[PDB]
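For reference, the structure discussed in these notes is given below.
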There are 2 protein chains.
Amino acid sequence: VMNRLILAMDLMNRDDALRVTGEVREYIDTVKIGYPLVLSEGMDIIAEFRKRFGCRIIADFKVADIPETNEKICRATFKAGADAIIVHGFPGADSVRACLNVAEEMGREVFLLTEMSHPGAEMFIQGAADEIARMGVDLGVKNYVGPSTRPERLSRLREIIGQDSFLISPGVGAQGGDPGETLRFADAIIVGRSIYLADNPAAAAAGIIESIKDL
Amino acid sequence: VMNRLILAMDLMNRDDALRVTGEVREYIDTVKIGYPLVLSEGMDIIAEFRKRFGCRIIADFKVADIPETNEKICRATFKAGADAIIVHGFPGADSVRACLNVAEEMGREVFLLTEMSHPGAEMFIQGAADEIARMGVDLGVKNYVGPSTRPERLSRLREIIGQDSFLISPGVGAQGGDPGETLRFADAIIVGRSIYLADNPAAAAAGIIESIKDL
Ligand SMILES: N#Cc1cc(=O)[nH]c(=O)n1[C@@H]1O[C@H](COP(=O)(O)O)[C@@H](O)[C@H]1O
Ligand SMILES: N#Cc1cc(=O)[nH]c(=O)n1[C@@H]1O[C@H](COP(=O)(O)O)[C@@H](O)[C@H]1O
C-alpha cells in the first residue's frame with residue numbers, strides 16, 4: 001500500500017468523508033471503510049470511493065457470524081466493489097472458510113483479524129489470538145490484522161504467519177500506537193482519527209509518512 | 001415476543017423479504033434483521049419493516065469492534081429505528097459498555113451474544129462463553145443470545161444469567177435445534193431458513209407455533 005499507510009475512514013457523513021479522503025489521497029493507496037460510514041451512507045459509498053479516488057477499498061466489517069450468514073455478507077460486500085473484507089477469527093474455522101470460499105469465487109481477498117487493539121481485547125481475544133493466527137495459516141489465509149498497541153503481540157503474530165504474509169495494524173495515534181515501532185512487524189499501518197479529526201488531515205498524513213520514510 | 005418466535009429475515013431481496021415477512025406476520029411480534037438484508041437493501045429497510053409490519057426489530061449486527069467504533073455503529077443503528085442490537089461479548093467489557101452507553105442514551109436495548117450455534121463456536125467461543133455471560137451480568141446486561149444447537153450450554157447460560165434475564169436462541173430447524181427443547185431454557189427461539197426457504201412460510205411458522213403451544 002502506498003507509503004504503508006491505510007486511512008480508516010470512519011466519518012459518518014458522505015461530504016466530510018469525501019473531503020478528507022480527497023485531501024489525503026496523494027499520501028495513501030488504500031482506504032478502510034467500515035460500518036460507521038456504510039450504515040450512515042449506504043453500500044454504494046464503496047464504489048463511489050473506488051471510482052473517485054482510484055484507491056483500493058478494504059471493507060472492515062469484522063465478519064463474525066455463522067458460515068451461512070458470513071457467505072451472504074461477503075457476497076454483498078464484494079458485489080458492492082470492495083477489494084477485501086476483514087473477518088474475525090474467533091468464530092472459528094468454518095466461519096472463516098465461508099468467507100474464503102466467497103473471496104475465491106469473486107477474485108477478492110480476506111484479512112483475518114487475530115488480536116484487537118483496545119483494552120478489552122485482553123479479556124478473551126488475546127488468549128486465543130496465537131491459535132487464531134495458526135488457524136489462519138492452516139486455512140491458507142495470507143492477510144492478517146494485529147494490534148499496534150501491543151508490538152510484542154504483533155511480533156509474535158508475525159512469527160506465526162511468516163514473512164510472506166501481509167499484516168496491517170490499527171491502533172496508531174489515537175489509541176497510543178507508534179508508526180515506526182508498528183512497522184517493525186506490520187507491512188502497513190491503519191490510521192483513522194489522528195488523520196480524519198486533524199485540523200489539517202493532509203498535514204497529519206504527511207507527518208506520518210515523513211516519520212515512515214525515515215525508518 | 002408473540003408466540004416466542006422471532007423470524008430471522010436473511011433474504012437479500014426487499015421484495016422477497018417483504019413477501020415472506022407479511023405472510024408470517026400473524027405468528028410473530030419481532031423480526032431479526034441482519035447484514036444480509038441491510039447490506040443488500042440499505043438501512044432504510046429497518047424503518048420500512050417497522051412501519052409496514054408494526055413489529056419490533058432486532059438488528060443482528062454482531063457488533064464486534066473497539067469501543068469508539070461500536071458506539072458509532074450503535075448510534076447509526078438506533079437512528080435507523082432498530083429496537084435492539086445484538087453485540088458480541090468476545091471482544092470484552094469496554095466494547096460491550098460502549099454499546100450499553102448508546103442504548104441508554106437512545107432508550108433502546110442491547111442483546112449480548114455469548115456462545116454461538118455453529119460448529120466453529122467450539123474452537124474459541126465456547127471456552128469463553130460462561131465468562132462472557134458473567135461479564136454481561138456484571139455490566140447489567142438483561143438480554144442474551146445463546147445456542148439452540150447445544151441445550152446443555154443453553155442451560156448453563158440460563159443458570160448464569162438468572163430467570164429474570166431474557167434469552168433468545170438461534171439454530172432451530174436448519175442447524176439442527178429443536179423448538180421445544182430450546183424453549184426449556186430460552187424465552188424465545190429465532191428461526192430463519194426453516195420458515196423463509198419453506199414452500200409455504202406461513203405453514204412452516206404455524207407448525208412451529210403449534211409445537212410451541214403444546215409445551
Ligand atoms: N481493522 C480494524 C480494527 C481492529 C482493531 O483491533 N482495532 C481497530 O481500531 N480497528 C479499526 O481500525 C480503526 C482505528 O481507527 P483510529 O486510528 O483508532 O481512529 C477503526 O476503524 C477501528 O474500528
Ligand atoms: N442472532 C444470531 C446468530 C447467532 C448464532 O449463534 N447463530 C445464528 O445462527 N445466528 C443468526 O440466527 C439466524 C439463524 O438462521 P437459521 O434459522 O439457521 O436460518 C441467522 O440470522 C444467523 O446469522
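Note: ideal-geometry Cβ built from the backbone for every residue, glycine included; neighbour counts use all protein chains shown. Every number in this text was worked out from the coordinates using simple rules, so none of it is lab data.
With respect to (1) under 24 Å from B:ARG19 (Cα atoms); (2) more than 9 Å from ligand 2 (Cβ to nearest atom); (3) touching a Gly at 6+ places or on another chain (Cβ under 7 Å), the lone exception for B:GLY171 is condition (2). Do you know which residues across region A:142-171 are touching a strand residue (DSSP E or B) at 6+ places or on another chain (Cβ under 9 Å), within 15 Å of ligand 1 (Cβ to nearest atom) and either under 17 Å from A:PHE90 (Cα atoms) or more than 14 Å from every other protein chain (Cβ to nearest Cβ) (or both)? Matches in region A:142-171: A:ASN143, A:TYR144, A:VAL145, A:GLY146, A:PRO147, A:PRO151, A:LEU154, A:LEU157, A:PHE166, A:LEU167, A:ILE168. State which residue is nearest to B:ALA205 (Cα to Cα) when the search covers only region B:29-40 and only residues that are more than 10 Å from ligand 2 (Cβ to nearest atom) and either within 12 Å of another protein chain (Cβ to nearest Cβ) or in a loop (DSSP other than H, G, I, E, B) (or both). So, considering only residues that are more than 10 Å from ligand 2 (Cβ to nearest atom) and either within 12 Å of another protein chain (Cβ to nearest Cβ) or in a loop (DSSP other than H, G, I, E, B) (or both), the one nearest to B:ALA205 (Cα to Cα) is B:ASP29.
Filtering region B:107-128 to residues that are more than 22 Å from B:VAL191 (Cβ to Cβ) and within 11 Å of another protein chain (Cβ to nearest Cβ) leaves B:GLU122, B:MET123, B:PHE124, B:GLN126, B:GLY127, B:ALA128. Apart from one condition, B:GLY120 fits all of (1) under 18 Å from the mean Cα position of the chain (by Cα); (2) free of Cβ contacts under 8 Å to residues at least 12 places away in the same chain; the exception is (1). Out of the residues in region B:71-85 that are surrounded by fewer than 23 Cβ atoms within 10 Å (Cβ to Cβ) and under 14 Å from the mean Cα position of the chain (by Cα), state the one that is nearest to A:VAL191 (Cα to Cα). The selected residue is B:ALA84. Residues of region A:192-215 include none that is within 14 Å of the chain's Cα centre (by Cα), of a type in the set (A, V, I, L, M, F, W, C) and within 11 Å of ligand 1 (Cβ to nearest atom).
The residues listed here are A:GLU104, A:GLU48, A:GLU26, A:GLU68; of these, the one that is within 14 Å of another protein chain (Cβ to nearest Cβ) and surrounded by fewer than 20 Cβ atoms within 10 Å (Cβ to Cβ) is A:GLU68. Each residue in region B:182-211 was checked for being touching a strand residue (DSSP E or B) at 6+ places or on another chain (Cβ under 6 Å) and either without any contact (Cβ under 8 Å) to a residue 40 or more places away in the chain or among the small types (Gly, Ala, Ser) (or both), and 4 pass.
When region A:76-91 is filtered for residues that are facing chain B (nearest Cβ under 8 Å) and either of a type in the set (A, V, I, L, M, F, W, C) or closer than 22 Å to B:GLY42 by Cβ (or both), the ones remaining, listed by number, are A:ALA76, A:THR77, A:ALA80, A:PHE90.
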